[PDB]
Amino acid sequence: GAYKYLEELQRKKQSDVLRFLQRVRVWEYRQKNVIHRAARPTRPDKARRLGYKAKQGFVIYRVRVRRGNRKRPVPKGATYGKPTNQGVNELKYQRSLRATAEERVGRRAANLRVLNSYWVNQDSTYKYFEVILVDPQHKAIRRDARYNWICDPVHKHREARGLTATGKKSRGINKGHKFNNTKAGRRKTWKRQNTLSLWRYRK
Amino acid sequence: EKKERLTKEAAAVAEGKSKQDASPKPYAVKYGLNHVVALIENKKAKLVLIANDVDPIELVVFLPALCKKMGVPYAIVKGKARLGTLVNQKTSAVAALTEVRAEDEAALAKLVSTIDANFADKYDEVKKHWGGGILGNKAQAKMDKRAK
Amino acid sequence: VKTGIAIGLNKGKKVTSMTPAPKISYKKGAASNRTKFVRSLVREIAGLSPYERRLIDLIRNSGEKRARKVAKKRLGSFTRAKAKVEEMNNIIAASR
Amino acid sequence: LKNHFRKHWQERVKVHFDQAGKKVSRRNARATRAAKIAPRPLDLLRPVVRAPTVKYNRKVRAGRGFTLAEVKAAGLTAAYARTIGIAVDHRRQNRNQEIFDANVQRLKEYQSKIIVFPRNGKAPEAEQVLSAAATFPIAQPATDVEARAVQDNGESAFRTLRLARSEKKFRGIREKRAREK
Amino acid sequence: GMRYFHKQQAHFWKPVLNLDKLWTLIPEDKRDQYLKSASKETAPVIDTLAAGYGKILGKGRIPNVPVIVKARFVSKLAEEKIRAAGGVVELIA
RNA sequence: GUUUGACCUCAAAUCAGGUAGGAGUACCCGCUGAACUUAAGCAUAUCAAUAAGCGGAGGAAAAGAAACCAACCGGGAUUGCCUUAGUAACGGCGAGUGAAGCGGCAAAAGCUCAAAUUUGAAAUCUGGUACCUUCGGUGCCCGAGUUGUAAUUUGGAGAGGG
RNA sequence: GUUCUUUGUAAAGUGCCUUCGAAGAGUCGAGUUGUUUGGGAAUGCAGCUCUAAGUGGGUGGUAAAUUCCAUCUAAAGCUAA
């Protein structure tokens, strides 16, 4: 197999061959549009392990996202409140750029469902992701029971609701004493324990 | 050909007296990338051809070093469509051959010697010696005139 | 082995024993022949990263202590710096 | 002296008028499940396990599922057990022969008591029992007899505990001393 | 005072049982026969942990009957008072 | 051969067939985000990880079969209730804030990919078309696909050879 | 229940020996900034920079170094009450 070599080689990012390929491909992607259909994955091993299958109804979209912090769009940087808010160019946007890219791509392609995404390249100004999408109207995927679950309607805009891996991470959904405030839903636990339960026969 | 082989197999084996003697031992080229990389590391391959033009070149950058290490005669061929032609695909990105008829054994051996002498023994140094320091013609003229 | 009291070096009530089985999600990450071969070949292809090139110079000039420090800073931790410096020592002792 | 009512608590108030109706619907759901599941119990056989947490290790308690070692020792497989009505837990491990033998005898009793119908046909009527938990209750093991002969040796358990404490406390010092030797 | 991060009140579970009671743990049916039969060759064993008691204390007098007490922890005076009657204290975990 | 073709990439069509938008939004998943008030006045703080604002679904949603809890003689996906507990802890150590393991209970359900040569036979799949017993089946023909579609394997294991 | 079809000598389960046993990277993790939390020499998240390993890695509620131990196996996914 060659996917193993591809994995171990893509791990060596600061070697000469990979930084050359990076320097070329970033220029190519920057000359192309911000969102554009990719004929095939730049990284077949990554796509393969994330759930891509080279058959009809599986789609790859390359997407570009601006880098840096979040700026609040108040006029003239004034917030009109207490001074303790913070400097305005220092806000961080709890959702990741990968999620932003996934959601923009899913908005362009609304008939598709966003399965996953992965980093390909980056610059000072831009980050570059390849997004894997699925067509649930295609019969090859309506059949083929390994992927017929994406066709049910509870998987609409997974990326917008935070069900992809980056979404689960940004929500902080894992098991442990560390993820106690956000394990079943931050707001769910808050609503659960800031709630006065009163029984018929009062305790 | 597969269809006629299958109907002949059903006719000979289901009713007649034989198990796999109907269709003889086949000889053919191996063309899958993973399959060929697995044929290497078992050292069944006598020849490998590697397309020069591949999208993700990282699919094939490791293959020459691997063939060298396992002791295989490799060659880098111009054209993946040229391989797809001989294997009934649009592209193949590799091609291999691990066994032959005796009529072609000698031609294969002579071809491997030719490939070694002309490709590797000529280009064994190429693991060093970077390429790609070329300039445009305008810049070249500028450099020439500034030099002289 | 237990003592049969509520305190001490080995506290707790004595049960007989069992050694149930060795689980297979305990030998995870262990080096296979395929992983060894692939990783050796990929090192032969890709070569060295810049901080590794610095480390091989600094072990020859400056000693292993500066290497451990700068590797602890370029990487995260001392535990990883030790193994990186051991790797570079082996690369040097092999190529030399 | 500390009453947490500075927020808008009046929005988030749950009063359990639905207690009785929920009980009724729960009973009806159990009945419907029984009809749908008719010959079978509604409960899988669970093993016996010893609780953690010194406060509770004295007690034995019902667990999630039997181990694969227990199942193989009983002499049937995990999938067939899951079809037969036995819970299996792949991550529980066996370090106690008492618990092992207890759950093995539990599985043996279950196998002897049940009656399996063939896939093809007959299906003789069997008059369902609803509770394998009641049919195979958990038994607290018996530590010792009621009465016994006294035997005294004169080491006074107080002093024994004190010496255990002291050796635990001064282990490392003596080890470092013998190292310096 | 000092702090304790991740305190959990199961490390500290250690309820106490003075010597005065010590026969409530024996049922009533059995109590009066064991009292009259002050047999050293056959005395009633009392498991305090199963009753839900970690340590034994010595607030008061028991009769001079033998008894086998099984407990994780004891006091010096409790062991003394039981040994006076001629009862051993077996340690458990 | 300054010809004839194959591939790759990018386009066009009132091309064949489908698909998204908007509404509602009690509950649900995220994002963004105040002040009144309470603290003496008040920057920390509290009101509040609230209201308003934005995106997105369903009959439930989310979560979910451990990179868990533990330190026990060890338990054993997730969710909710009783309790843990107004406690450990946080805080101009002030106003105030504030969980979690254990235990009892309700309900109970387990599993799937990538990474492995079918290599003595891409065994896989969409569409078009003719029949049929039409939530689909059989045959035939273009095509997808070896930059990897099927079977087999998922760590509890498992595979190959015997 | 009553026929229609026995599909198949096709798939699956099981014992002993032998050689193996691949397991997810701008990711884990670390530094800093902002935010958040009961989380306290820093609970989670995001932005910028740095960036791994394979008897390895994460966690073990006081920050480090050294020697051990215990327990799970991330960076991919589905699922009723």
# chains A, B, ... in the order shown; residues from 1 in each chain; ligands from 1
>>> residues_around(residues="range 49-56 of chain A", least_positions_apart="3", cutoff="10 Å", atoms="only C-alpha atoms (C1' of nucleotides)", output="PyMOL selection string")
(chain A and resi 3+40-41+44-46+59-60+115-118+132-135+138-141+147) or (chain F and resi 113-115+125-126+144-145+147-149) or (chain G and resi 24+76-77)
>>> select_by_dssp(residues="range 38-145 of chain B", states="alpha helix (DSSP H)", output="short mmCIF file (atom, residue, chain, number, x, y, z; two decimals) with N, CA, C and O atoms, in the first residue's frame")
data_model
loop_
_atom_site.label_atom_id
_atom_site.label_comp_id
_atom_site.auth_asym_id
_atom_site.auth_seq_id
_atom_site.Cartn_x
_atom_site.Cartn_y
_atom_site.Cartn_z
N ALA B 38 2.62 -3.43 -3.29
CA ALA B 38 2.61 -4.66 -2.50
C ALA B 38 3.36 -5.78 -3.21
O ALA B 38 3.94 -6.66 -2.56
N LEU B 39 3.34 -5.78 -4.55
CA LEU B 39 4.18 -6.71 -5.30
C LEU B 39 5.65 -6.46 -5.01
O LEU B 39 6.43 -7.39 -4.78
N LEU B 63 8.46 5.90 -4.94
CA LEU B 63 8.57 4.64 -5.67
C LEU B 63 9.97 4.34 -6.19
O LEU B 63 10.39 3.17 -6.10
N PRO B 64 10.72 5.28 -6.76
CA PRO B 64 12.08 4.95 -7.22
C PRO B 64 13.00 4.49 -6.10
O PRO B 64 13.73 3.50 -6.27
N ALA B 65 13.00 5.19 -4.96
CA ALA B 65 13.82 4.77 -3.84
C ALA B 65 13.43 3.39 -3.35
O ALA B 65 14.29 2.57 -3.00
N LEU B 66 12.13 3.11 -3.31
CA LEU B 66 11.65 1.80 -2.89
C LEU B 66 12.12 0.71 -3.84
O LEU B 66 12.56 -0.36 -3.41
N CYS B 67 12.04 0.97 -5.15
CA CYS B 67 12.49 -0.02 -6.13
C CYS B 67 13.99 -0.26 -6.01
O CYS B 67 14.45 -1.40 -6.09
N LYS B 68 14.75 0.82 -5.81
CA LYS B 68 16.19 0.68 -5.57
C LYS B 68 16.46 -0.19 -4.35
O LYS B 68 17.29 -1.10 -4.40
N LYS B 69 15.77 0.10 -3.25
CA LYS B 69 16.05 -0.61 -2.00
C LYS B 69 15.72 -2.09 -2.12
O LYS B 69 16.50 -2.94 -1.69
N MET B 70 14.55 -2.41 -2.69
CA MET B 70 14.18 -3.81 -2.84
C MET B 70 14.85 -4.46 -4.05
O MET B 70 14.63 -5.65 -4.31
N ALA B 81 -1.44 8.26 -19.67
CA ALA B 81 -2.42 7.83 -20.66
C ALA B 81 -1.85 6.74 -21.54
O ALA B 81 -2.58 5.86 -22.01
N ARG B 82 -0.54 6.77 -21.78
CA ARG B 82 0.11 5.73 -22.56
C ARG B 82 0.02 4.38 -21.85
O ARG B 82 -0.01 3.32 -22.49
N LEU B 83 -0.01 4.40 -20.51
CA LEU B 83 -0.23 3.18 -19.74
C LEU B 83 -1.70 2.79 -19.74
O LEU B 83 -2.04 1.60 -19.85
N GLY B 84 -2.58 3.78 -19.60
CA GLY B 84 -4.00 3.51 -19.68
C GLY B 84 -4.40 2.85 -20.99
O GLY B 84 -5.34 2.06 -21.05
N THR B 85 -3.67 3.17 -22.07
CA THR B 85 -3.94 2.52 -23.35
C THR B 85 -3.67 1.03 -23.27
O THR B 85 -4.49 0.21 -23.70
N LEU B 86 -2.52 0.64 -22.70
CA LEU B 86 -2.17 -0.78 -22.67
C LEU B 86 -2.88 -1.52 -21.55
O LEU B 86 -2.68 -2.73 -21.41
N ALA B 102 8.18 -17.88 -21.78
CA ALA B 102 9.59 -18.14 -22.06
C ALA B 102 10.01 -17.50 -23.37
O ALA B 102 11.18 -17.13 -23.54
N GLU B 103 9.08 -17.39 -24.32
CA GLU B 103 9.39 -16.73 -25.59
C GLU B 103 9.81 -15.28 -25.38
O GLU B 103 10.58 -14.74 -26.18
N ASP B 104 9.32 -14.64 -24.31
CA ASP B 104 9.59 -13.24 -24.04
C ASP B 104 10.54 -13.02 -22.86
O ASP B 104 10.86 -11.87 -22.56
N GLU B 105 10.96 -14.09 -22.18
CA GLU B 105 11.89 -13.95 -21.06
C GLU B 105 13.18 -13.25 -21.49
O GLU B 105 13.68 -12.35 -20.80
N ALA B 106 13.74 -13.65 -22.64
CA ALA B 106 15.01 -13.09 -23.07
C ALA B 106 14.86 -11.63 -23.48
O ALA B 106 15.73 -10.80 -23.17
N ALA B 107 13.77 -11.31 -24.18
CA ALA B 107 13.50 -9.91 -24.51
C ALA B 107 13.34 -9.07 -23.25
O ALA B 107 13.83 -7.94 -23.19
N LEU B 108 12.67 -9.61 -22.24
CA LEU B 108 12.51 -8.90 -20.98
C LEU B 108 13.86 -8.65 -20.31
O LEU B 108 14.12 -7.56 -19.80
N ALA B 109 14.73 -9.66 -20.31
CA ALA B 109 16.03 -9.50 -19.67
C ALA B 109 16.88 -8.47 -20.41
O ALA B 109 17.53 -7.61 -19.78
N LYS B 110 16.89 -8.53 -21.74
CA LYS B 110 17.61 -7.54 -22.53
C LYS B 110 17.04 -6.14 -22.31
O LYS B 110 17.80 -5.17 -22.23
N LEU B 111 15.72 -6.04 -22.19
CA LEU B 111 15.09 -4.75 -21.95
C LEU B 111 15.46 -4.20 -20.58
O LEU B 111 15.64 -2.99 -20.42
N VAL B 112 15.58 -5.08 -19.59
CA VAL B 112 15.95 -4.63 -18.25
C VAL B 112 17.40 -4.17 -18.23
O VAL B 112 17.74 -3.18 -17.58
N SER B 113 18.28 -4.88 -18.94
CA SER B 113 19.67 -4.43 -19.04
C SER B 113 19.75 -3.08 -19.74
O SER B 113 20.49 -2.19 -19.30
N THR B 114 19.02 -2.93 -20.84
CA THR B 114 18.93 -1.65 -21.54
C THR B 114 18.46 -0.54 -20.60
O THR B 114 19.04 0.54 -20.56
N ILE B 115 17.39 -0.81 -19.85
CA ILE B 115 16.83 0.20 -18.96
C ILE B 115 17.84 0.57 -17.89
O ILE B 115 18.04 1.76 -17.61
N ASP B 121 22.13 3.73 -14.59
CA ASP B 121 23.58 3.89 -14.63
C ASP B 121 23.96 5.25 -15.21
O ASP B 121 25.03 5.79 -14.90
N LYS B 122 23.10 5.82 -16.05
CA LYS B 122 23.27 7.18 -16.54
C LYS B 122 22.83 8.22 -15.52
O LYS B 122 23.47 9.28 -15.43
N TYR B 123 21.76 7.95 -14.76
CA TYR B 123 21.17 8.92 -13.85
C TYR B 123 21.25 8.49 -12.39
O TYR B 123 20.45 8.97 -11.58
N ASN B 137 13.86 34.54 -20.99
CA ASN B 137 14.81 34.93 -22.03
C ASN B 137 15.23 36.38 -21.87
O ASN B 137 16.39 36.74 -22.13
N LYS B 138 14.32 37.24 -21.41
CA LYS B 138 14.66 38.64 -21.17
C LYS B 138 15.69 38.76 -20.06
O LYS B 138 16.71 39.46 -20.21
N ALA B 139 15.44 38.11 -18.93
CA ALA B 139 16.41 38.10 -17.84
C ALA B 139 17.72 37.46 -18.26
O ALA B 139 18.79 37.90 -17.82
N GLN B 140 17.67 36.43 -19.10
CA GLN B 140 18.90 35.80 -19.58
C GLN B 140 19.72 36.78 -20.42
O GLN B 140 20.94 36.85 -20.28
N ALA B 141 19.05 37.53 -21.29
CA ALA B 141 19.76 38.54 -22.08
C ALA B 141 20.34 39.62 -21.19
O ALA B 141 21.47 40.09 -21.42
N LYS B 142 19.58 40.04 -20.17
CA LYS B 142 20.10 41.02 -19.22
C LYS B 142 21.36 40.51 -18.54
O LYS B 142 22.36 41.23 -18.45
N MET B 143 21.33 39.27 -18.06
CA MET B 143 22.49 38.69 -17.39
C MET B 143 23.67 38.58 -18.33
O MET B 143 24.81 38.89 -17.96
N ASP B 144 23.43 38.14 -19.57
CA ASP B 144 24.49 38.02 -20.56
C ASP B 144 25.17 39.36 -20.81
O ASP B 144 26.40 39.47 -20.77
N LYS B 145 24.37 40.40 -21.09
CA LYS B 145 24.94 41.70 -21.40
C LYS B 145 25.66 42.30 -20.20
O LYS B 145 26.73 42.90 -20.34
#
>>> interface_residues(of="chain C", to="chain G", cutoff="6 Å", atoms="only C-alpha atoms (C1' of nucleotides)", output="number ranges by chain")
C: 29-31, 74-76
>>> closest_atom_pairs(of="chain A", to="chain G", cutoff="6 Å", atoms="only C-alpha atoms (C1' of nucleotides)", output="CSV")
residue,atom,partner,partner_atom,distance
A:11,CA,G:25,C1',5.5
A:50,CA,G:76,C1',4.9
A:68,CA,G:47,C1',5.8
A:69,CA,G:47,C1',5.2
A:90,CA,G:34,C1',5.6
A:91,CA,G:34,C1',5.7
A:92,CA,G:46,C1',5.0
A:93,CA,G:46,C1',5.7
A:94,CA,G:46,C1',4.6
A:170,CA,G:45,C1',5.8
A:178,CA,G:43,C1',5.8
>>> write_last_selection(atoms="N, CA and C atoms", output="short mmCIF file (atom, residue, chain, number, x, y, z; two decimals), in the first residue's frame")
data_model
loop_
_atom_site.label_atom_id
_atom_site.label_comp_id
_atom_site.auth_asym_id
_atom_site.auth_seq_id
_atom_site.Cartn_x
_atom_site.Cartn_y
_atom_site.Cartn_z
N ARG A 11 3.39 13.98 7.00
CA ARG A 11 3.76 14.42 8.34
C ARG A 11 5.04 15.26 8.34
N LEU A 50 -11.05 10.02 6.28
CA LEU A 50 -12.14 10.86 6.76
C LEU A 50 -13.49 10.47 6.19
N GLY A 68 -6.77 35.43 11.16
CA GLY A 68 -6.64 36.40 12.22
C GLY A 68 -7.81 36.41 13.18
N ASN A 69 -7.86 37.48 13.96
CA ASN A 69 -8.84 37.63 15.03
C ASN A 69 -10.14 38.23 14.50
N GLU A 90 -8.84 42.03 19.59
CA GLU A 90 -8.38 40.87 20.35
C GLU A 90 -9.50 39.88 20.66
N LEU A 91 -10.41 39.64 19.72
CA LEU A 91 -11.52 38.71 19.92
C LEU A 91 -11.39 37.54 18.96
N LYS A 92 -11.86 36.37 19.39
CA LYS A 92 -11.28 35.11 18.92
C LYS A 92 -12.24 34.17 18.22
N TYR A 93 -13.55 34.39 18.29
CA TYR A 93 -14.48 33.59 17.49
C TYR A 93 -14.42 32.10 17.79
N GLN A 94 -15.05 31.68 18.89
CA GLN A 94 -15.07 30.30 19.38
C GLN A 94 -15.15 29.23 18.29
N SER A 170 -14.90 22.44 19.19
CA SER A 170 -15.15 23.82 19.60
C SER A 170 -16.24 23.90 20.66
N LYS A 178 -12.73 17.23 32.91
CA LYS A 178 -12.37 18.51 32.32
C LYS A 178 -13.53 19.10 31.55
#
>>> interface_residues(of="chain G", to="chain D", cutoff="12 Å", atoms="only C-alpha atoms (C1' of nucleotides)", output="PyMOL selection string")
chain G and resi 1+13-14+71-72+81
>>> write_last_selection(atoms="N, CA and C atoms (P, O5', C5', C4', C3', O3' and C1' of nucleotides)", output="PDB file, in the first residue's frame")
ATOM      1  P     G G   1     -49.092 -23.025  14.309  1.00  0.00           P
ATOM      2  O5'   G G   1     -49.356 -24.358  13.472  1.00  0.00           O
ATOM      3  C5'   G G   1     -49.285 -24.387  12.051  1.00  0.00           C
ATOM      4  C4'   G G   1     -50.632 -24.137  11.422  1.00  0.00           C
ATOM      5  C3'   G G   1     -50.726 -24.368   9.921  1.00  0.00           C
ATOM      6  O3'   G G   1     -50.922 -25.738   9.598  1.00  0.00           O
ATOM      7  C1'   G G   1     -51.794 -22.324  10.503  1.00  0.00           C
ATOM      8  P     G G  13     -17.820 -16.623  11.681  1.00  0.00           P
ATOM      9  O5'   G G  13     -18.299 -17.622  12.821  1.00  0.00           O
ATOM     10  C5'   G G  13     -19.190 -17.184  13.835  1.00  0.00           C
ATOM     11  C4'   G G  13     -19.482 -18.276  14.831  1.00  0.00           C
ATOM     12  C3'   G G  13     -18.273 -18.969  15.435  1.00  0.00           C
ATOM     13  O3'   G G  13     -17.678 -18.226  16.483  1.00  0.00           O
ATOM     14  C1'   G G  13     -19.850 -20.591  14.758  1.00  0.00           C
ATOM     15  P     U G  14     -16.091 -18.291  16.724  1.00  0.00           P
ATOM     16  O5'   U G  14     -15.856 -19.766  17.276  1.00  0.00           O
ATOM     17  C5'   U G  14     -16.507 -20.198  18.459  1.00  0.00           C
ATOM     18  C4'   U G  14     -16.327 -21.674  18.697  1.00  0.00           C
ATOM     19  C3'   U G  14     -14.896 -22.170  18.777  1.00  0.00           C
ATOM     20  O3'   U G  14     -14.301 -21.905  20.035  1.00  0.00           O
ATOM     21  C1'   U G  14     -16.190 -23.649  17.449  1.00  0.00           C
ATOM     22  P     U G  71      -4.698  -1.654  35.665  1.00  0.00           P
ATOM     23  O5'   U G  71      -5.581  -0.542  34.948  1.00  0.00           O
ATOM     24  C5'   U G  71      -6.714  -0.002  35.602  1.00  0.00           C
ATOM     25  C4'   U G  71      -7.222   1.236  34.910  1.00  0.00           C
ATOM     26  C3'   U G  71      -7.501   1.095  33.424  1.00  0.00           C
ATOM     27  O3'   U G  71      -8.759   0.498  33.169  1.00  0.00           O
ATOM     28  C1'   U G  71      -6.296   3.098  33.830  1.00  0.00           C
ATOM     29  P     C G  72      -9.146   0.015  31.690  1.00  0.00           P
ATOM     30  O5'   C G  72      -9.271   1.375  30.874  1.00  0.00           O
ATOM     31  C5'   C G  72      -9.685   1.378  29.518  1.00  0.00           C
ATOM     32  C4'   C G  72      -9.604   2.762  28.929  1.00  0.00           C
ATOM     33  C3'   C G  72      -9.255   2.835  27.450  1.00  0.00           C
ATOM     34  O3'   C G  72     -10.395   2.689  26.622  1.00  0.00           O
ATOM     35  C1'   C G  72      -7.864   4.311  28.664  1.00  0.00           C
ATOM     36  P     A G  81     -36.623   7.275  20.759  1.00  0.00           P
ATOM     37  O5'   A G  81     -36.643   6.426  22.103  1.00  0.00           O
ATOM     38  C5'   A G  81     -37.740   5.585  22.421  1.00  0.00           C
ATOM     39  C4'   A G  81     -37.584   4.991  23.793  1.00  0.00           C
ATOM     40  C3'   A G  81     -37.403   6.008  24.906  1.00  0.00           C
ATOM     41  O3'   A G  81     -38.657   6.456  25.391  1.00  0.00           O
ATOM     42  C1'   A G  81     -35.736   4.326  25.074  1.00  0.00           C
TER      43        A G  81
END
>>> interface_residues(of="chain A", to="chain D", cutoff="6 Å", atoms="only C-alpha atoms", output="PyMOL selection string")
chain A and resi 195-199
>>> closest_atom_pairs(of="chain C", to="chain A", cutoff="9 Å", atoms="only C-alpha atoms", output="Markdown table")
| residue | atom | partner | partner_atom | distance |
| --- | --- | --- | --- | --- |
| C:35 | CA | A:4 | CA | 8.5 |
| C:38 | CA | A:5 | CA | 6.4 |
| C:39 | CA | A:8 | CA | 6.9 |
| C:41 | CA | A:5 | CA | 8.8 |
| C:42 | CA | A:9 | CA | 6.3 |
| C:43 | CA | A:9 | CA | 8.7 |
| C:45 | CA | A:9 | CA | 8.9 |
| C:46 | CA | A:15 | CA | 5.7 |
| C:47 | CA | A:15 | CA | 6.8 |
| C:48 | CA | A:15 | CA | 6.4 |
| C:49 | CA | A:15 | CA | 5.5 |
| C:50 | CA | A:14 | CA | 7.5 |
>>> residues_around(residues="range 84-87 of chain E", least_positions_apart="5", cutoff="9 Å", atoms="only C-alpha atoms (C1' of nucleotides)", output="list in words")
residues 150, 151 and 152 of chain D; 40, 43, 62, 63, 64, 65, 66, 67, 68, 69 and 79 of chain E
>>> write_last_selection(atoms="N, CA and C atoms", output="short mmCIF file (atom, residue, chain, number, x, y, z; two decimals), in the first residue's frame")
data_model
loop_
_atom_site.label_atom_id
_atom_site.label_comp_id
_atom_site.auth_asym_id
_atom_site.auth_seq_id
_atom_site.Cartn_x
_atom_site.Cartn_y
_atom_site.Cartn_z
N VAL D 150 -12.78 -18.13 70.31
CA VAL D 150 -11.88 -16.99 70.44
C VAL D 150 -10.45 -17.49 70.43
N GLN D 151 -9.57 -16.75 69.77
CA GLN D 151 -8.14 -17.03 69.77
C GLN D 151 -7.39 -15.71 69.83
N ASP D 152 -6.61 -15.52 70.89
CA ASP D 152 -5.89 -14.28 71.14
C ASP D 152 -4.40 -14.58 71.18
N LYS E 40 -16.18 -19.48 76.29
CA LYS E 40 -15.00 -18.98 75.59
C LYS E 40 -14.71 -19.80 74.35
N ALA E 43 -18.06 -18.14 70.97
CA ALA E 43 -18.48 -16.77 71.25
C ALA E 43 -19.05 -16.18 69.97
N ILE E 62 -19.13 -3.12 78.90
CA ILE E 62 -19.86 -4.30 78.44
C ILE E 62 -19.75 -5.33 79.56
N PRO E 63 -20.53 -6.40 79.56
CA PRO E 63 -20.32 -7.46 80.54
C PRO E 63 -18.99 -8.18 80.27
N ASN E 64 -18.72 -9.18 81.10
CA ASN E 64 -17.48 -9.93 81.02
C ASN E 64 -17.59 -11.16 80.14
N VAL E 65 -18.41 -11.09 79.09
CA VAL E 65 -18.63 -12.21 78.18
C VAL E 65 -17.60 -12.13 77.05
N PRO E 66 -17.07 -13.25 76.55
CA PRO E 66 -16.22 -13.17 75.36
C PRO E 66 -17.02 -12.73 74.15
N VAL E 67 -16.32 -12.15 73.18
CA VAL E 67 -16.91 -11.72 71.92
C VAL E 67 -15.79 -11.48 70.92
N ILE E 68 -16.04 -11.84 69.67
CA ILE E 68 -15.09 -11.65 68.58
C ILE E 68 -15.58 -10.45 67.78
N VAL E 69 -14.82 -9.38 67.81
CA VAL E 69 -15.15 -8.15 67.09
C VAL E 69 -14.29 -8.08 65.84
N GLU E 79 -9.95 -1.91 72.69
CA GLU E 79 -9.26 -3.19 72.69
C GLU E 79 -9.01 -3.68 74.11
#
